[PDB]
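Take a look at the structure below.
Number of protein chains: 2
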Amino acid sequence: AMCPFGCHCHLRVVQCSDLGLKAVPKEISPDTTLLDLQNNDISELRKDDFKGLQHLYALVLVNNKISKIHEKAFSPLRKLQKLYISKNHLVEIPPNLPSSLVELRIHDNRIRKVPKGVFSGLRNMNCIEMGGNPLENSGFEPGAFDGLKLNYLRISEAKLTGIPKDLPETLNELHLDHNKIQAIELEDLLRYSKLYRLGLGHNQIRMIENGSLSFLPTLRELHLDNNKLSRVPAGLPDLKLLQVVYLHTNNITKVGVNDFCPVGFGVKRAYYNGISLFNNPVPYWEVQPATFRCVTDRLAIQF
Amino acid sequence: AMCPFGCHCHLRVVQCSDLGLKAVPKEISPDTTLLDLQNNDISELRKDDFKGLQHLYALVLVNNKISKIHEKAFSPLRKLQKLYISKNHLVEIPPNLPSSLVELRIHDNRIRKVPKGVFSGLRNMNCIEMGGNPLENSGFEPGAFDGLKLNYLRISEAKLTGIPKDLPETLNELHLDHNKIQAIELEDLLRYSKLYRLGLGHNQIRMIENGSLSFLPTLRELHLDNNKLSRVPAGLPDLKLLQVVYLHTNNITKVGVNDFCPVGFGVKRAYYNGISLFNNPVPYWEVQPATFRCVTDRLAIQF
Ligand SMILES: *[C@@H]1O[C@H](CO)[C@@H](O)[C@H](O)[C@H]1NC(C)=O
Ligand SMILES: *[C@@H]1O[C@H](CO)[C@@H](O)[C@H](O)[C@H]1NC(C)=O
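If you're matching them up, the sequences are chains A and B in order. My numbering applies: residue 22 is where the first sequence begins, and numbers increase by one. My numbering applies: residue 22 is where the second sequence begins, and numbers increase by one.
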């Protein structure tokens with residue numbers, strides 16, 4: 022089967038975008054590897070909508086208005102690894118997705134609660150966009166990300182009121198930027214013991230209670246800007262590899278001299294490679310230079 | 022350089038999406054081949070915005086608010102073959118796009134005119150999305166597509182009042198659906214002598230002039246639905262390869278018996294593989310059976 026009317030496709034790639042297609046076209050070669058059918062008018066996925074696309078690797082469904090997805094919709098998709106279904110009217114993480122899947126974009130939707138065994142099948146995940154969704158911490162559910170060894174996860178722009186606890190432990194990155202988070206407590210970041218990044222920018226963090234940032238032996242970048250913070254978060258010096266913390270647009274008033282570098286020189290340590298602080302009530306002349314001894318360049322200090 | 026904060030990226034693929042970045046991020050490994058940075062807040066492209074991404078193959082800038090693109094902006098892109106910058110505030114077709122480029126999606130923009138030497142450079146195009154722009158026929162300019170052997174071309178959803186005549190002759194597909202096109206006259210499709218499809222759906226074609234559809238020896242699919250037509254366009258039977266004509270939602274009143282099949286049915290000829298007629302003032306009972314002799318099934322006759 023060559024390709025649907027508006028579409029143009031070449032060598033197993035099928036490009037069907039901005040045609041405003043009522044649903045997934047019926048003429049689609051099985052040879053087909055990518056199906057980019059973005060910004061059309063699909064409102065559901067039907068059992069046999071994707072029938073016999075077993076060689077389909079990446080399906081881009083973004084910018085549609087999907088809202089119902091038939092159970093055995095994805096089941097013919099044996100080799101599928103990429104499923105981008107951002108900016109849709111989805112109302113539940115779709116089930117039965119292809120164990121082959123490694124990336125899952127599902128931003129700007131309408132998912133209010135993520136149940137339990139939803140991700141139970143996948144065993145290759147590692148990327149998961151779920152922001153732009155309206156979920157409150159009470160929407161997650163005991164063992165939602167149960168058995169799911171994945172390294173990236175972003176739940177930005179949602180209705181998070183505090184950092185979730187039962188996420189994947191394997192997580193190498195964790196984002197939660199753009200929420201309504203209240204404050205990072207002691208055992209929040211507990212089990213996330215392998216993180217490189219940790220965005221919490223644009224939140225409402227008022228009081229990060231010390232030692233909580235301790236369980237992140239390897240944390241490398243910490244964005245903690247645009248909050249309601251009042252002093253530099255306690256634990257910063259003890260983080261052997263924190264190379265860029267981000268604190269601008271907070272409500273830091275005072276900057277202790279040992280608020281970043283540690284008291285007695287080490288080497289397990291790393292020199293900061295970026296520190297933000299501008300746009301905080303505390304002028305340049307209130308913070309002794311001795312304060313940024315272990316940063317490298319001057320240029321590393323937005324201030 | 023490992024990748025920008027919100028971004029995840031693996032094996033030369035940099036995924037920066039929905040982070041709402043103010044601009045194209047600075048830390049981008051030259052090893053990078055896909056640069057997906059969709060739905061952010063990019064407002065312009067700066068000289069050195071992309072410096073040293075010579076292995077960048079496809080760049081995805083869709084759903085951002087771009088409005089100024091520096092001249093030398095794309096020059097660092099020796100091997101770039103896909104550029105999708107649809108859904109942006111662009112005000113003119115960007116110049117000095119990489120000669121390597123094969124596909125250019127520039128939909129939903131604000132480009133009011135396309136001047137002459139714009140595509141002069143490229144020699145590998147074949148896919149151009151320019152719909153969702155506001156351009157009248159007066160907006161094009163003599164020799165705009167000058168020297169541009171390309172095979173696809175979709176100017177949907179614009180302000181076309183008639184079919185443009187100085188498009189690429191090498192054209193295989195050509196879409197002009199959703200316009201305000203008035204009528205397809207004699208020499209309109211003159212030089213497009215190599216088309217397989219020709220969408221003119223959703224227009225205001227009142228009167229397609231005979232012979233005009235004669236210049237398309239190979240035309241295989243012709244949507245011509247959603248217009249002000251009043252009788253089946255003259256010439257249909259003479260198109261040796263027309264397999265699917267769409268006529269629905271028009272204003273076709275009478276259907277001559279030899280409007281579809283030719284008068285002296287050969288052996289070498291073609292069967293229609295689909296004809297639409299539904300939603301037109303003319304009941305199934307006014308149109309003689311002898312009329313669809315050469316169609317194949319009954320089911321190829323939405324009617
Ligand atoms: C900043 O003012 C103080 C720091 O002295 C802090 O307690 C408070 O949360 C901030 N004010 C508001 C409501 O933004
Ligand atoms: C269809 O009806 C008449 C038939 O002659 C035609 O003159 C006219 O253009 C059409 N009316 C509309 C606006 O549908």
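Each residue gets a CB set at the ideal place from its N, CA and C atoms; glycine is no exception.
I believe residue i touches residue j by the beta-carbon criterion, under 8 Å. Please report the beta-carbon distance rounded to the nearest angstrom.
i	j	result
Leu195 of chain B	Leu211 of chain B	Rounded, the Cβ-Cβ distance is 13 Å, inconsistent with contact.
residue 8 of chain B	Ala311 of chain B	Summary: the structure shown does not reach residue 8 of chain B, with chain B confined to residues 22 through 324, and so no result is reported for it.
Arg133 of chain B	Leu111 of chain B	Not really, about 11 Å apart at Cβ, beyond 8 Å.
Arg131 of chain B	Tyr105 of chain B	In fact, because the Cβ distance is near 17 Å, the residues do not count as touching under 8 Å.
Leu257 of chain B	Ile273 of chain B	So it is not a contact: roughly 12 Å between Cβ atoms.
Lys108 of chain B	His128 of chain B	7 Å
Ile49 of chain A	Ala79 of chain A	Rounded, the Cβ-Cβ distance is 14 Å, inconsistent with contact.
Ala255 of chain A	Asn271 of chain A	With 8 Å as the limit, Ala255 of chain A and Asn271 of chain A do not qualify as a contact, their Cβ atoms being about 14 Å apart.
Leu192 of chain B	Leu216 of chain B	6 Å
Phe324 of chain B	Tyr305 of chain B	6 Å
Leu207 of chain B	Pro189 of chain B	Wrong, their Cβ atoms sit about 20 Å apart, outside the cutoff.
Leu74 of chain B	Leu98 of chain B	7 Å
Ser235 of chain A	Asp209 of chain A	Not confirmed; about 11 Å, so no contact.
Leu240 of chain A	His269 of chain A	That pair is no contact at about 18 Å.
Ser121 of chain B	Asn147 of chain B	Wrong, their Cβ atoms sit about 13 Å apart, outside the cutoff.
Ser214 of chain B	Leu243 of chain B	Actually they are not in contact, since the Cβ atoms of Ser214 of chain B and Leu243 of chain B sit about 15 Å apart, beyond 8 Å.
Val135 of chain B	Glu162 of chain B	7 Å
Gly138 of chain A	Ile176 of chain A	In fact, because the Cβ distance is near 19 Å, the residues do not count as touching under 8 Å.
residue 381 of chain A	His76 of chain A	The first residue shown for chain A is 22 and the last is 324, placing residue 381 of chain A beyond what the model contains.
### Query
Would the region 79-87 of chain B and the region 64-71 of chain B be scored as touching if the rule is three or more Cβ pairs under 8 Å?
yes
### Message
Which complete beta strand (DSSP E) runs does the region 222-302 of chain A hold, if anything under 3 residues is left out?
### Response
With a minimum length of 3 residues, the continuous beta strand (DSSP E) runs that stay inside the region 222-302 of chain A are 242-244, 265-267, 295-297.
### Chain-ordered residues, beta carbon under 6 Å from a heavy atom of ligand 1
A:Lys249, A:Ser251, A:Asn272, A:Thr274
### Task
Taking only beta carbons into account, state which residues of the region 143-171 of chain B come closer than 9 Å to chain A, listed in chain order.
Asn147, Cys148, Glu150, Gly152, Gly153
### Query
Can we say the region 116-128 of chain B touches the region 88-104 of chain B, given the rule of at least three CB pairs closer than 8 Å?
yes
### Task
Mind checking the region 176-203 of chain A against chain B and listing, in chain order, the residues whose C-beta falls within less than 7 Å of any C-beta there?
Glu194, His196
### Task
Scan the region 216-250 of chain A for residues whose Cβ lies nearer than 8 Å to a Cβ of chain B and list them as they occur along the chain.
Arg218, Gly220, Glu242, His244
### Query
Relative to chain A, which residues along the region 279-294 of chain B have a C-beta separation below 9 Å, given in chain order?
none
### Task
Name, going along the chain, the residues of the region 24-35 of chain B whose beta-carbon falls closer than 9 Å to a beta-carbon of chain A.
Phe26, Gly27, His29, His31
#### Entry: Whole runs of the beta strand (DSSP E) within the region 40-98 of chain A, excluding any shorter than 3 residues
55-57, 79-81
### Message
Does the structure place the region 186-202 of chain B close enough to the region 217-226 of chain B that three or more beta carbon pairs sit under 8 Å?
### Response
yes
### Task
Please list the residues of the region 66-99 of chain B that have a C-beta atom closer than 7 Å to any C-beta atom in chain A, keeping them in chain order.
Going along the region 66-99 of chain B in chain order, one finds no residue with a Cβ nearer than 7 Å to chain A.
### Query
Is it true that the region 177-196 of chain A meets the region 154-168 of chain A, where meeting means three or more beta-carbon pairs spaced less than 8 Å apart?
yes
### Task
Could you run through the region 39-61 of chain B and flag, in chain order, every residue whose CB is less than 9 Å away from some CB of chain A?
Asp39, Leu40, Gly41, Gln59, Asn60
### Task
Give a yes or no on contact between the region 162-177 of chain A and the region 42-60 of chain B, applying the rule of three or more CB pairs nearer than 8 Å.
no
### Query
What residues in the region 299-321 of chain B bring their beta carbon closer than 8 Å to a beta carbon of chain A?
Those would be none; no residue qualifies.
### Task
Taking a Cβ distance cut-off of 9 Å, strictly less, list which residues of the region 102-119 of chain A are near chain B, in chain order.
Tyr105, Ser107, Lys108
### Task
Could you please tell me which residues of the region 263-276 of chain B, in chain order, have their CB closer than 7 Å to any CB of chain A?
none
### Query
Quick one: any contact between the region 33-50 of chain B and the region 302-318 of chain A, if contact means 3 or more CB pairs under 8 Å?
no
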